[PDB]
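First comes one chain, alone, set out as structure tokens in the form solved without this ligand.
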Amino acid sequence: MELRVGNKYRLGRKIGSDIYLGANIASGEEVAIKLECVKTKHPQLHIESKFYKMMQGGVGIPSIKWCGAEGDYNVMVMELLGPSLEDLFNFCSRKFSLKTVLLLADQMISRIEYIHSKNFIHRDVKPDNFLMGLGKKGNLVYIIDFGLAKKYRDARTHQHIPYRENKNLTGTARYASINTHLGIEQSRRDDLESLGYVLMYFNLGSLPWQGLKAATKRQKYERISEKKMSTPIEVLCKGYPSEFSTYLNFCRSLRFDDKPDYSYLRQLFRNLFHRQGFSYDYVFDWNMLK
């Protein structure tokens, strides 16, 4: 007993949901480690490693440290990362200050942009899929889990994929864009609409269509769709800086194969940030006393 992997790493205690902690036999430096039985009836390790492998180089993308197999286990060793924004959100009693939301909004938009610049759309943007970094990168928002990512434009030609309908819901319902509820293929615009809901979710502690009484996954998704539909943005964002409405309105208007003006969007919020007098010092809410 006492399992090593890649001849450099020692397996450690479970640390998430399964991710294991691991260390470098020599330095003690810590890493994360996923394993997958070569006989799973639900592979995911490969795809995921392929993404980090492809997106390698991008900021906020977890770095792959080793890919291989050990016994009947497929093993991936990656840089260790911090808690997800949903965890830190709970740490802060499910409420983030404007300053925190804006610091997050800035990096989360760039993160999404990067993926789009690589021909894929995420399709499951939500607090759970964003993690802070460690040490030096502790002030960095990382994006993860590409289990639903999908190519939206030719590598070479940049030919966008076809517009198409009667598409099944494919991410979290709570954060899905209107169009996705309507069954339309997803494209860049939706990743950004979703962030828009994520952000308002942080502002409010919850979304009006959250916790909706249903009796069937089909029924539930229904109610959410109708509910999201009947909440106009100016109402949703009532009480908060209009920048947020300008944001969702913009996203909701992009044409299926449009290219979002990412800069417009960061700018939008960066201006609000400054008007309020905040400093880009990275003192997020979960960094302060409670």
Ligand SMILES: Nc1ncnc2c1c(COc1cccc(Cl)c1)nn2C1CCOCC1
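Heads up, when I say rigid core I mean the largest set of C-alphas that superpose within 1.5 Å between the two forms. Numbers follow the displayed sequence, beginning with 1.
The same protein also has a form solved in complex with this ligand, omitted here; what follows describes it.
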Proximity of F244 to this ligand in the entry with it bound, heavy atoms at 4.5 Å | no
Any non-hydrogen atom of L104 within 4.5 angstroms of this ligand in the entry with it bound | no
Check whether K34 has any heavy atom within 4.5 Å of a heavy atom of this ligand in the entry with it bound, and answer yes or no.
-> yes
Contact label in the entry with it bound: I19 to this ligand, heavy atom within 4.5 Å | yes
Which of 71 to 79, 178 to 186, 209 to 217, 156 to 164 lies within 4.5 Å of this ligand in the entry with it bound, heavy atoms considered? The stretch 71 to 79
Decide yes or no: are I112, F250 and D261 jointly within 4.5 Å of this ligand in the entry with it bound, with each residue judged by its heavy atoms?
-> no
Of the residues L131, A173, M108, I121, which one places a heavy atom within 4.5 Å of this ligand in the entry with it bound?
-> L131
The one residue in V59, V235, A69, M229 whose CA moves 2 Å or more between the shown form and the other one on rigid core superposition is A69
Taking the rigid core as the reference frame, is the Cα of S253 displaced by 2 Å or more between the shown form and the other one?
-> no
Any CA movement of 2 Å or more for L265 between the shown form and the other one, core superposed?
-> no
Large Cα shift (2 Å or above) at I143 between the shown form and the other one, core-fitted | no
